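Q: So I pulled this structure from the PDB, and the sequence comes with it:
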Amino acid sequence: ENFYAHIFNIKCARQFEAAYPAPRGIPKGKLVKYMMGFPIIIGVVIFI
Amino acid sequence: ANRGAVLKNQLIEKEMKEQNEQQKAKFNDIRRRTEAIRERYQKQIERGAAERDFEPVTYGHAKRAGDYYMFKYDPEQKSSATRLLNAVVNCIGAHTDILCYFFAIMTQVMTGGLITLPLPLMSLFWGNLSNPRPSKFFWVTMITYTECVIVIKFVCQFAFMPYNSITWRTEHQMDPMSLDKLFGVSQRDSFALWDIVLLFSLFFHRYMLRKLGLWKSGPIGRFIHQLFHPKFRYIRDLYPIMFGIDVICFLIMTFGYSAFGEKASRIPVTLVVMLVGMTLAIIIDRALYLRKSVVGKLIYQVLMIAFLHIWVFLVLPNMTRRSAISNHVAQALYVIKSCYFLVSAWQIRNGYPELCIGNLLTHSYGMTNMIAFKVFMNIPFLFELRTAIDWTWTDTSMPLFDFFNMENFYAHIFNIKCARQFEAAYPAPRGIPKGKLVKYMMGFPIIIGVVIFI
Amino acid sequence: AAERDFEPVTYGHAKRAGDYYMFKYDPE
Amino acid sequence: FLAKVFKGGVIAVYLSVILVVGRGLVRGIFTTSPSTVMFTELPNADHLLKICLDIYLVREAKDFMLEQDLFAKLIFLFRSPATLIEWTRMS
Amino acid sequence: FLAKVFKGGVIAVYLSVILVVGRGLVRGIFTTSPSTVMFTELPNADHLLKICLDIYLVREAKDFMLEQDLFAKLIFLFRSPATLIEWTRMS
């Protein structure tokens, strides 16, 4: 059961990655960095 | 011999010149190193062009393009005391400029009020940011205002002032915002010394510049242009000094909590709100340093210094119901943060280095680096925050979790390398059994600690 | 003797001298 | 209700709980051990998923003789890393 | 202040905290799992450190094209143990 869980999770992650293509080595945009970085720092500070 | 200083100018334009040469080298090697590995890669794909499968298009296919083919290659009169005395004398002679600023800051700290405040304001606004050796009028105006303030304090220190009487002092001994305390002049029964020290240090600086010979449309625009575009500049990194200063500032800020309160047993919400503000300031400073924004740092410094002066000297006594003179913890806090402001202003004045580093914990591989890295990683909620701010305010080509994985891999590799270096530093005997003394003093402590813990 | 590299001198070099060559024999 | 034995009290348990949450909960899901990356970064899990679906199907079909053999095959695939990377190759 | 519900009380929490500290904190940091020893006992990490410094340098030099390739190389090196031990060989 654990092996099947791991394999299914890996397959679903691969399918999600294939569904949303990534650019050919283009640096990540500023907006995705902003709303992926600010929430983490804000949550960590709030928790502390 | 007043002329004999202008020749120094030539060696100055030699000094930067030679360091410029190093900059050239510090560029050229990179422009080779990178292309070098590219050539190696250009070899590998040429060697195994009949073995590889699929073509990497997306980033996910790029991460998992590794195969065996790319790894199919071999990896290959004279005394020490005299020297120290000369060094310290030279340091004092070259740093009277910052010594005067420190003295002005101190005399503001221990003569708290609105009568001396122009001295720190001018020191930390005009002269400190003046890139090309602040002119004579700057020193002259601090001279004039210094005798003005000392004369005013002396004449207001007479006994026939209404506020100097015993009854008035008794009636207004507990109010933190009394008129005399607000103006900065009061009884001061002990002494007044550091004003004299500052005045004489400033006169000594004037004499030193006179000996050296530097005594003799849109002025603000000209000043800004001179500050932003200096004809002579250096390349130095001082961010770790600022980090040490503001971390010890945070430590003295969080250890002393009753000084910012007052019963007084309850911790007020103001403490935590300012604490969160300080943490946000640390994060903002890290982001500004990482992004290399001189204008942003200048604006941040100006707003921060104005806010701190207003806060400490106006509203902190309002909450704490204590005089600013008797708040020694806040005094030390202000002194430390003023030193940080001096360092940051120096960094802004001399510009930013073009090349940063990965971290100042892996340049050398020794016991000190091992201990520092271990204590940095062991403390929780510190590696995560830094590793998020990285990739939050820098440009990369990998997602957040990939950046985390790369940082973890680098941490592990550096730890293994430093352990190997330490082992090589201290050789081990050729299979000789371990000595009794090392066994004793490595075994008894463990058993004693375990028994004590149980 | 024609495959091994380096000579173990210190304890660290002796603990990490594992190579394939000494495993090239049947366990029985 | 203050002064509830404030002799190095609530601050100690607060620090302990902060440390335990930081070390155990957030750190484990936050980063990954270098041993795990060998298994998480498979570029194509189609073959492994097919094998697991096939073992489920043969168990359903009441053919327990081949279920053990398929489980042994999966165990050997997960044991040897060279066979794993060879079997997981894209396309 | 005794008799604060001494019905199998403080001794139970004391035993629980002793057990959790012994099992979680000291045991994990004191000994190592047999899976970890294959990564910890590298005899020479010079090549891996050089690769990591190289990827840091190429990231700094604004050449993100090669950063992904170097990261893929590092991932493959950390995946296959035979390539890892071959690459880690002393001298």
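A: Done, it's in. Residues are numbered from 1 along each chain as shown, chains lettered A, B, ... in the order given.
Q: can you give me the helices in chain A?
A: For chain A, the helices defined by DSSP state H cover A:2-19, A:30-47.
Q: do you know which of these lies nearest residue E:91?
A: helix A:2-19 (38.4 Å; CB to CB). For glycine as for every other residue, the C-beta is placed from the backbone atoms N, C-alpha and C.
Q: Can you give me the buried ones in that closest one?
A: Neighbour-count burial for helix A:2-19 flags A:3, A:6-7, A:10-11, A:14 (criterion: 16 or more other CB atoms under 10 Å in any protein chain shown).
Q: picking that back up, for the helices of chain A, which one sits closest to residue D:3?
A: If we rank the helices of chain A by CB to CB, the stretch that ends up nearest is helix A:30-47, at 27.5 Å.
Q: Can that closest one be said to contact chain B?
A: Yes. Judged by CB under 8 Å from any CB of the partner chain, helix A:30-47 comes into contact with chain B at A:33-34, A:36-38, A:40-41, A:44-45.
Q: Narrow those residues to those that are buried.
A: Under a neighbour-count criterion of 16+ other CB under 10 Å, the subset of these counted as buried comprises A:33, A:37, A:40-41, A:44.
Q: Just give me the closest of these to chain B.
A: Using CB to the nearest CB, the shortest approach to chain B within these belongs to residue A:37, at 3.1 Å.
Q: coming back round to it: and the helices of chain A: which comes nearest residue D:46?
A: Counting by CB to CB, residue D:46 lies closest to helix A:2-19 out of the helices of chain A; the figure is 7.4 Å.
Q: who's in contact with the closest one?
A: Contact with helix A:2-19 is made by B:58, B:60, D:39-40, D:42-46, D:48-49, D:52, D:56, D:74, D:78, as judged by CB atoms under 8 Å, 6 or more residues apart in numbering or on different chains.
Q: so how far is that helix off the chain centroid?
A: Taking the mean of its C-alpha atoms, helix A:2-19 sits 14 Å from the chain's own mean (CA atoms, centre = their mean, to the nearest Å).
Q: Once you drop chain neighbours, what's closest to residue A:33?
A: Counting by CB to CB, 6 or more residues apart in numbering or on different chains, residue A:33 lies nearest to residue B:392, which is 6.2 Å off, once chain neighbours are set aside.
Q: ok, now how distant is the one you found from residue A:42?
A: Spatial separation of residue B:392 from residue A:42 under the definition CB to CB, to the nearest Å is 11 Å.
Q: And residue D:61, by the same measure?
A: Distance from residue D:61 to residue A:42, counting by CB to CB: 53 Å.
Q: quick revisit: would you point out the most distant pair within the buried ones among the residues of helix A:30-47 next to chain B?
A: Maximum pairwise distance in these, criterion CB to CB, is 16.6 Å, between A:33 and A:44.
Q: For the helices of chain A, could you give me TSV that also reports distance to residue D:86?
A: What follows is the helices of chain A, written out as TSV (distance: least, CB to CB, whole Å):
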stretch	distance to residue D:86
helix A:2-19	17
helix A:30-47	36
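Q: Looking at those, spot the one closest to residue E:68.
A: Comparing these by CB to CB, helix A:2-19 comes nearest, at 14.4 Å.
Q: List the contacts of whichever residue of chain A sits closest to chain E.
A: Nearest residue of chain A to chain E (CB to the nearest CB) works out as residue A:25 at 5.0 Å. By CB under 8 Å, 6+ apart, the contact list for residue A:25 reads B:59, B:62, B:397, E:64-65, E:68.
Q: so which of those comes closest to chain A?
A: Among these, residue B:59 lies closest to chain A (CB to the nearest CB), at 3.7 Å.
Q: Report the central residue of chain D.
A: Relative to the mean C-alpha position of chain D, the nearest C-alpha, by CA atoms, centre = their mean, is the one of residue D:36, at 7.8 Å.
Q: how much space between that one and chain A?
A: Distance of residue D:36 to chain A, computed by CB to the nearest CB, to the nearest Å: 10 Å.
Q: where's that residue relative to residue E:31, distance?
A: Residue D:36 is 19 Å from residue E:31, where distance means CB to CB.
Q: now swap in residue D:60 and tell me
A: When CB to CB is the yardstick, residue D:60 and residue E:31 sit 43 Å from each other.
Q: follow-up on the earlier one: kindly indicate which of the contacts of residue A:25 lies nearest chain D.
A: For the contacts of residue A:25, the closest approach to chain D (CB to the nearest CB) belongs to residue B:62, at 10.7 Å.
Q: how much space is there between the closest one and residue A:17?
A: Plainly put, residue B:62 is 12 Å away from residue A:17 if you go by CB to CB.
Q: from what I can see residue D:82 touches residue E:83, true?
A: No. Look at residue D:82 against residue E:83 with CB atoms under 8 Å: they stay out of range, at 9.8 Å.
Q: Between these two, which is the more surrounded one?
A: It is residue E:83, of residue D:82 and residue E:83, that has more neighbours when counted by other CB atoms under 10 Å in any protein chain shown, with 20 against 12.
Q: Leaving out the residues flanking it, which one is nearest to that one?
A: Of all residues not flanking residue E:83 in the chain, residue B:71 sits nearest, at 5.3 Å (CB to CB, 6+ apart).
Q: near chain A, which residues of chain D?
A: Residues of chain D that fall close to chain A, judged by CB under 8 Å from any CB: D:18, D:39-40, D:42-46, D:48-49, D:52, D:56, D:74, D:78.
Q: if we can go back for a sec, compute the distance between the residue nearest to residue E:83 and residue E:72, please.
A: When CB to CB is applied, the distance between residue B:71 and residue E:72 equals 12 Å.
Q: and stretch D:36-55 with chain B, contact?
A: Yes. For stretch D:36-55 and chain B, the contact criterion (CB under 8 Å from any CB) is met by D:37, D:41, D:43.
Q: give me the element the closest residue to the second one other than its chain neighbours is part of.
A: Right, the one you point to is residue D:41. Take residue D:41 and drop its neighbours on the chain: the residue closest to it by CB to CB, 6+ apart is residue E:75, 5.8 Å away. Secondary-structure element containing residue E:75, defined by DSSP states H and E: helix E:64-79.
Q: Tell me the residue of chain D that sits nearest chain B?
A: residue D:22 (2.7 Å).
Q: Kind regards, and thank you for your time.
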